[PDB]
Amino acid sequence: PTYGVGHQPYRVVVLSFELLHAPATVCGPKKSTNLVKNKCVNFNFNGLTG
Amino acid sequence: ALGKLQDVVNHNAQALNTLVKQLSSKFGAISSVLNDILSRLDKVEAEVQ
Amino acid sequence: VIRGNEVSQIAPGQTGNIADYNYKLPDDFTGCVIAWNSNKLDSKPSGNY
Amino acid sequence: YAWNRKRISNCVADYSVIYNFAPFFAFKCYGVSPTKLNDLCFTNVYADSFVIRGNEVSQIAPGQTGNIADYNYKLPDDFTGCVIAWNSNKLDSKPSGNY
Ligand SMILES: *[C@@H]1O[C@H](CO)[C@@H](O)[C@H](O)[C@H]1NC(C)=O
Numbered sequence: 228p229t230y231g232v233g234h235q236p237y238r239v240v241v242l243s244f245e246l247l248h249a250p251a252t253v254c255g256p257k258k259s260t261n262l263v264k265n266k267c268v269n270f271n272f273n274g275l276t277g
Numbered sequence: 361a362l363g364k365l366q367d368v369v370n371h372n373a374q375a376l377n378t379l380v381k382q383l384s385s386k387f388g389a390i391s392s393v394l395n396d397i398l399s400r401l402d403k404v405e406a407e408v409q
Numbered sequence: 122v123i124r125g126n127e128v129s130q131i132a133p134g135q136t137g138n139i140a141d142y143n144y145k146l147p148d149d150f151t152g153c154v155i156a157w158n159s160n161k162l163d164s165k166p167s168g169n170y
Numbered sequence: 711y712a713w714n715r716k717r718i719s720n721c722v723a724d725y726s727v728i729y730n731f732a733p734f735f736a737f738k739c740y741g742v743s744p745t746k747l748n749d750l751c752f753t754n755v756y757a758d759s760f761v762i763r764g765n766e767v768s769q770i771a772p773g774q775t776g777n778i779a780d781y782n783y784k785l786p787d788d789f790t791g792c793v794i795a796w797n798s799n800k801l802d803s804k805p806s807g808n809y
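Chains as they are written, first to last, in our numbering: chain A, 228 to 277; chain B, 361 to 409; chain C, 122 to 170; chain D, 711 to 809.
Below, the structure is given as structure tokens:
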């Protein structure tokens, strides 16, 4: 603890994210909306909008 | 014999096909799809891309 | 855990001691890095080895 | 203004053991990355040293205005080199004003 500010210990936790075409095993909290077809809609499938 | 009329057809087909194929390039960005940049990053960085 | 001078070397496209021999990130790495000081718990007057 | 110009020439320099010295956070260079000095080599190295305030380190960047950038040693805009700085309330911080 008598060292400088540059010699202090540091704890590093890194998160690595997978961005692939694999099925989404884990992702985030949205309430699902029912499916409607044959209509101009603003869809959002597995995080990608359109 | 009709090679020049065929070339008139083929050049206009090929230029449009190149123009469509040029949409998939990244040009130094992180994604070639605009919706991924809109839904993936904050304001300033997605404005840069 | 690392020292304070090697926090900036934990980045894609970096070389050095940790970033060449111990822990490396790929050049196309996406994800988040969380770093904080641990002077309260990881430091001792006799020396933490 | 008393910055001793230690002109350095004709010696093999090991740039890996600098981190064992006084605790700078990063080897803050402008123009060269601090792992490629072992193979890329220069023509003449000048060593300078001065003690300034906390909100005065940003004027030791290439291209700046302020007090050190105007009334003291101003780095040029086309500066190829490295600047090493750290906090110094351990050795050169004698009380009642270090004049
Ligand atoms: C530099 O020298 C001073 C006094 O000579 C000494 O207290 C200090 O430990 C030295 N620096 C290192 C990194 O050993």
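All C-beta atoms in this analysis are idealised placements derived from N, C-alpha and C, irrespective of residue type, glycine included.
Short CB-CB distance (under 7 Å) between residue i and chain B
i	result
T276(A)	yes
Near ligand 1: residue i beta-carbon under 6 Å from a heavy atom
i	result
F734(D)	no
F731(D)	yes
Supposed contact pair residue j and residue i - C-beta distance, whole angstroms, cut 8 Å
i	j	result
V761(D)	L750(D)	The pair is not a contact, with the Cβ atoms about 30 Å apart (cut-off 8 Å).
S399(B)	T276(A)	5 Å
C739(D)	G791(D)	7 Å
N158(C)	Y237(A)	6 Å
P772(D)	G233(A)	About 23 Å; that fails the 8 Å criterion.
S129(C)	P228(A)	Contact flag wrong, Cβ pair sits at about 23 Å.
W713(D)	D758(D)	5 Å
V154(C)	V263(A)	At roughly 41 Å, the Cβ-Cβ gap does not stay under 8 Å, so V154(C) and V263(A) are not in contact.
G137(C)	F735(D)	Incorrect: roughly 14 Å between the Cβ atoms, too far for contact.
Local Cβ density within 10 Å of residue i, reported as buried at 16 or more and exposed below that
i	result
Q382(B)	exposed
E127(C)	buried
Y170(C)	exposed
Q374(B)	exposed
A140(C)	buried
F737(D)	buried
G274(A)	exposed
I718(D)	exposed
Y725(D)	exposed
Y756(D)	exposed
residue 891(D)	An answer regarding residue 891(D) cannot be provided, because it is not within the stretch 711 to 809 covered by chain D.
Residue-level contact to chain C via CB, residue i, 7 Å cutoff
i	result
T745(D)	yes
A732(D)	no
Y756(D)	no
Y711(D)	no
Closer than 7 Å to chain A by CB, residue i
i	result
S384(B)	no
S391(B)	no
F735(D)	yes
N372(B)	no
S167(C)	no
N395(B)	yes
Beta carbon proximity, residue i to chain D, threshold 7 Å
i	result
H248(A)	no
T151(C)	no
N126(C)	yes
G231(A)	yes
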